[PDB]
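To start, the structure itself, in structure tokens.
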Amino acid sequence: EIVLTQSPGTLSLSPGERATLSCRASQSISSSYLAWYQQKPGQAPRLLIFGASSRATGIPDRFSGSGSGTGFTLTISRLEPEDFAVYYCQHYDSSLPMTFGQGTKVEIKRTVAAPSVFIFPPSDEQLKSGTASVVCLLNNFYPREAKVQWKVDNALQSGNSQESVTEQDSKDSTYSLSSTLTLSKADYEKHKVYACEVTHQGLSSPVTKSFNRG
Amino acid sequence: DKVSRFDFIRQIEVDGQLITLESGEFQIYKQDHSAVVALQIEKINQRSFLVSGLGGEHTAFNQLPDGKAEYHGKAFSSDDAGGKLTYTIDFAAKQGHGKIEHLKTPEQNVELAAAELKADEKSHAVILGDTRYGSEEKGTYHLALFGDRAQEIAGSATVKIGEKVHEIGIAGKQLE
Amino acid sequence: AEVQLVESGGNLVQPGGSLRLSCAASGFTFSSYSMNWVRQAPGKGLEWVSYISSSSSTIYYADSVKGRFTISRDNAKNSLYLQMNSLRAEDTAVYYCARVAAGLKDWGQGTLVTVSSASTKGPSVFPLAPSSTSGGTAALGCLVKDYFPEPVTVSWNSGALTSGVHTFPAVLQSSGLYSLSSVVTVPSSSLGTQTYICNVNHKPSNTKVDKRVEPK
């Protein structure tokens with residue numbers, strides 16, 4: 001069997017900089033059969049490099065590949081803005097079932113930016129349905145690492161919340177995240193203070209937005 | 001199979017004096033279903049050129065065997081018929097690669113980089129790729145397949161050494 | 001005379017059910033090229049699924065599908081197929097058709113397969129009312145909750161408001177229904193003069209909701 005392991009998980013670089021991505025094979029493979037693909041949200045994958053070092057038809061010259069044996073490399077010499085994407089390596093030896101690596105994301109590194117936090121009480125209309133969603137918004141921040149903790153009447157919460165995040169913004173390269181805390185109308189009126197505590201590189205200490213009611 | 005080397009002059013007669021317009025050399029190599037020709041013309045009164053030639057009984061891209069093929073044969077430039085060609089085509093994957101070794105000029109012994117096997121305008125199987133020395137691109141090569149089983153390959157390559165582009169003829173046969 | 005690949009057949013199916021995908025090829029002598037199925041679960045990496053060679057003499061299957069899926073092709077109809085059985089939830093993904101040509105050089109656009117016992121259901125749309133608003137900017141939104149299956153589209157003010165809009169990825173909840181929010185930051189001075197409406201459209205259930213979002 002052949003397993004392909006890519007690294008690192010995320011590469012954070014500024015435009016212009018040089019990008020170096022790694023694909024490690026669990027056994028030695030022919031260089032003939034290592035390929036690199038690029039993928040952007042909402043698009044089909046696109047073949048960058050075939051045969052370990054040959055560019056696919058029409059592929060700009062700043063993409064080069066190298067390596068042999070178990071170690072292969074995809075190099076982007078100068079990162080244009082259309083190059084920030086997800087990259088996959090693939091073994092496609094025609095005498096063996098093929099396999100893809102798990103992929104690497106080259107995101108745009110930019111100046112740190114702290115999130116504008118906002119908290120949202122459950123709408124009166126939603127309460128009528130017997131459920132209460134509390135929404136915490138972390139708006140326009142960077143880097144993407146961020147930790148949100150819910151506290152109801154000082155009690156911490158775990159298990160009862162989902163998180164979701166946008167793709168890096170195409171005009172300011174920040175992220176936005178939403179944490180939603182879900183409860184019954186019953187539990188939500190068992191308590192008063194609904195707190196959202198947000199940790200981030202751009203914050204000297206954890207912020208906390210909160211409200212009172214229910 | 002030997003490479004034939006020829007010297008030649010083209011002359012005209014003017015006032016009872018043969019005049020040489022151009023001179024040069026060319027090497028030709030014949031296999032069973034293909035032939036290659038390198039050729040170097042000098043204008044003896046935009047100066048020197050590298051003209052190549054390639055032909056034979058082309059393999060139809062829609063009639064390729066399954067699997068993989070291994071090819072062995074010669075590489076030759078101007079004076080040097082000693083080169084050795086190695087090449088592999090994976091028909092299932094539409095891909096080929098190889099190398100040139102043992103030309104007296106070390107920089108002519110180039111990798112024939114991994115390249116796509118496609119159909120040309122006549123629906124004949126062909127490969128156009130880069131030549132490499134180390135990890136630096138140095139030129140291109142053009143390979144066609146010949147025979148009804150793709151028994152043969154032939155074509156040519158180009159290498160930039162210094163500021164002078166060299167031109168190499170390449171032809172091979174399947175091992176057995 | 002360019003190359004094209006068009007998958008079809010994707011659809012909703014109940015766990016344990018069966019679905020047959022198709023792929024129509026043009027722009028090349030289909031019978032001369034090996035083809036592949038590759039798939040992508042939502043928000044996940046590519047996963048190679050199955051391979052088949054020009055003549056159908058060589059077939060491969062990923063470990064994850066070996067058993068349940070069968071690949072085949074018809075060169076006369078220039079088509080590739082993928083028969084799936086015993087579909088589970090983890091088979092939910094976009095399914096791509098791809099041509100082997102010194103690598104996987106040509107990809108179709110994909111067909112979406114959803115495998116779920118959940119029943120079609122339009123969303124509840126609840127406002128996330130602007131309250132008290134760090135600095136000069138207010139945030140407001142729309143919670144789009146308990147709908148099935150994907151996708152749902154959200155616009156603001158019938159598309160006249162796009163700047164500052166962040167529509168989040170739908171998360172699949174433990175109930176089997178999807179849920180997402182859409183939020184927009186606006187100048188807080190406008191909350192008393194500007195009306196904000198999120199326009200939600202869920203084609204599968206023919207649900208459309210236009211929810212005014214006001215400060216309460």
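Throughout, a chain's letter reflects where its sequence line sits, starting with A, and its residues are numbered from 1.
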Atom group of [X] that falls short of 4.5 Å from chain B, counting heavy atoms:
X       : result
C:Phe30 : neither
C:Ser31 : neither
C:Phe28 : neither

Original post:
So which pairs with a foot in residues 68-88 of chain C pass ring-ring contact (aromatic ring centres under 6.0 Å, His included), sequence neighbours left out?
Top reply: none
Original post:
Under a 4.5 Å heavy-atom cut-off, does chain C meet the side chain of B:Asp90, its backbone, both or neither?
Top reply: neither
**OP:** Would you mind checking which part of B:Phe91 comes under 4.5 Å of any heavy atom in chain C, side chain (CB onward), backbone (N, CA, C, O), both or neither?
**Re:**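 B:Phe91 has no heavy atom closer than 4.5 Å to chain C.
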Subject >> Pairwise salt bridge (charged side-chain N to carboxylate O under 4.0 Å, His left out) hits with a residue in residues 15-42 of chain C, at least two apart >> reply: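 Sorted result for residues 15-42 of chain C: C:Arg39-C:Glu47, C:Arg39-C:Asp91.
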With a 3.5 Å cut-off and sequence neighbours excluded, list the donor-acceptor pairs that the side chains of residues 136-150 of chain C form with protein atoms.
{"from": "C:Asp146", "atom 1": "OD1", "to": "C:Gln173", "atom 2": "NE2", "distance (Å)": "3.2"}
{"from": "C:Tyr147", "atom 1": "OH", "to": "C:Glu150", "atom 2": "OE1", "distance (Å)": "2.8"}

**OP:** Report the distance from atom OG of C:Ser55 to atom CG of B:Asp66, rounding to the nearest 0.5 Å.
**Re:**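 Between C:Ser55 OG and B:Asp66 CG, I get 4.0 Å after rounding to 0.5 Å.
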**OP:** Inspect the surroundings of NZ in B:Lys99 and state if more than 12 heavy atoms from other residues, nucleotides or ligands are less than 6.0 Å away.
**Re:** no
**OP:** Give a yes or no on this: more than 12 heavy atoms of other residues, nucleotides or ligands lie within 6.0 Å of atom CD of C:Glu2.
**Re:**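 Not buried by this count: 12 neighbours or fewer within 6.0 Å.
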**OP:** Pull out the residues in residues 102-109 of chain C that come under 4.5 Å of chain B, heavy atom to heavy atom, sorted by number.
**Re:**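 The list, in residue order, reads C:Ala102, C:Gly103, C:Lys105.
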**OP:** Give the minimum heavy-atom separation between B:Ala92 and C:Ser34, together with the two atoms involved.
**Re:**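 Looks like O-OG, 3.2 Å.
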Subject >> B:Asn62 to C:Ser32 - nearest heavy-atom pair and separation >> reply: OD1-OG, 2.9 Å
